[PDB]
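Chemist: Let me give you the structure first, and then I'll get to my questions.
Using ideal geometry, Cβ is built from the backbone for each residue, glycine included, and neighbour counts are taken over all protein chains shown. Taken together, the values in this text are just the output of simple stated rules run on the coordinates, not laboratory data.
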Amino acid sequence: XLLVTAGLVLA
Amino acid sequence: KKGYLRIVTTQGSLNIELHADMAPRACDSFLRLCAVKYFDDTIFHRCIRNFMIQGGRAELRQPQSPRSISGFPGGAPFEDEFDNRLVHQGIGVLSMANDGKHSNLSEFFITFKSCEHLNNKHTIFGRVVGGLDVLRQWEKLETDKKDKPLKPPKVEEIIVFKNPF
């Protein structure tokens, strides 16, 4: 999807 | 009480207002990191058209600290700060990247457009008040399979014009 992560980018 | 700063990159400059009034800890951390030139040579390493561009990762600095830390003594993560008047609406929202609750260090993003599913998940701590057209050019950058631009904009320096702490 549309996330703002730091290491495990998810859907 | 607001903070004011310019991020100067190899592909344009951004004028930024920090909401030190509504997100004091995130603004303070950021400015403490600006003080020791932490962001110099870091890149914008993740860029998704119609969403955001992401930066601030110490580990990806193309050169002082090799791992990501907050601006506070010890470098520990700090808690989230939300406010109903601060939403991920429109272009140029400055917000914190994380890996869940209260895991704020140094990584941040600037929105290309609304992404309000991020409200109350990410500390919004500023907005771009000048350079929206630099942002619009960044949005067009070609990126690899992992969404890293082929030519990532790299921070040359950050000029702080006002730190209220």
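Chemist: Expressed as a whole number of Å, what is the distance separating the alpha-carbon centroids of the range B:8-38 and the range B:61-99?
Modeler: About 10 Å separates the Cα centre of the range B:61-99 from the one of the range B:8-38.
Chemist: Related question: Based only on Cα atoms, what mean projected area does the convex hull of chain B have, in nm²?
Modeler: 8.6
Chemist: Rank B:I91, B:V36, B:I124 by how far each Cα sits towards the positive end of the charge dipole of the range B:14-165 (+1 on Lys, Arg Cβ; -1 on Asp, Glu Cβ) and give me just the farthest.
Modeler: About the Cα centre, the residue reaching furthest to the positive side is B:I91.
Chemist: With Cβ to Cβ distances under 10 Å as the rule, what net charge do the other residues near B:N50 carry (K, R +1; D, E -1)?
Modeler: +1
Chemist: Can you give the Rg to Rh ratio for the protein assembly as shown, taking only C-alpha atoms and Rh from Kirkwood?
Modeler: Taking Rh as the inverse mean 1/r over Cα pairs, Rg/Rh reads 0.91.
Chemist: List the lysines whose Cα lies under 25 Å from the Cα of B:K37, skipping any in the same chain that are fewer than 8 positions away.
Modeler: Partners within reach: B:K1, B:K2, B:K148, B:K151, B:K154, B:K162.
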